[PDB]
Amino acid sequence: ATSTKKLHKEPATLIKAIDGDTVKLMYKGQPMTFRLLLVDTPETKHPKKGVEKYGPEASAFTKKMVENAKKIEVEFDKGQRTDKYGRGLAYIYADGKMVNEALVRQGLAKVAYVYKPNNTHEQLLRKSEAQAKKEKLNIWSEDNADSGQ
């Protein structure tokens with residue numbers, strides 16, 4: 001017997017994000033980390049390092065969208081829920097919007113290596129990842145104009 005069961009999302013209380021992928025949220029009233037699932041940042045650090053490209057853009061859009069979003073929802077996949085470092089493996093939903101899908105479609109990140117059975121919103125991230133590489137958004141923006149054999 002194996003077909004489909006049922007999933008459900010739950011409301012949480014974001015606490016404070018630290019990176020464009022590592023964010024600390026309040027689950028059931030507890031301080032825990034939450035690493036975007038299937039997402040990866042282009043390495044970021046302090047903005048006072050003479051940066052001027054994608055420094056304060058992906059990490060700023062993550063803590064900024066989670067700070068304004070008065071309703072931060074979370075949805076864990078069917079696979080494991082937490083990793084070994086206690087990171088929360090799931091997808092965030094600010095204002096009812098998959099925060100991850102926004103950082104992947106805005107060329108603000110990359111589809112982290114997918115590892116079954118976690119493969120629900122994978123194909124979706126595949127389409128947003130291609131369109132982003134076709135628009136040269138932020139990360140893909142460095143692709144420059146290279147085409148025509």
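With the entry's author numbering as the guide, the letters of the sequence shown map in order to residues 1 to 149. Note that CB positions come from ideal geometry on N, CA and C, so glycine has one too.
When the distance is taken between beta carbons, is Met26 closer than 8 Å to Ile18?
no
Contact between the stretch 78 to 91 and the stretch 32 to 47: three or more CB pairs below 8 Å?
yes
Would you call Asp21 buried or exposed, if buried means 16 or more other Cβ atoms sit within 10 Å of its Cβ?
buried
Could you give the residue range of the beta strand (DSSP E) that holds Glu142?
No beta strand (DSSP E) contains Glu142, which DSSP labels as neither H nor E.
Just list the residues that DSSP pairs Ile92 with in beta bridges.
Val74
Does the count of Cβ pairs from the stretch 130 to 140 and the stretch 107 to 121 closer than 8 Å reach three?
yes
Excluding the five sequence neighbours on either side, which residues of its own chain have a C-beta within less than 7 Å of the C-beta of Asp95, listed in chain order?
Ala69, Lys71
Straight-line gap, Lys78 to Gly50 (C-alpha atoms, nearest Å):
42 Å
Between the C-alpha atoms of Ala60 and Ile92, what's the straight-line distance to the nearest angstrom?
16 Å
Considering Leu125, what are the terminal residues of the alpha helix (DSSP H) in which it resides?
122 to 135
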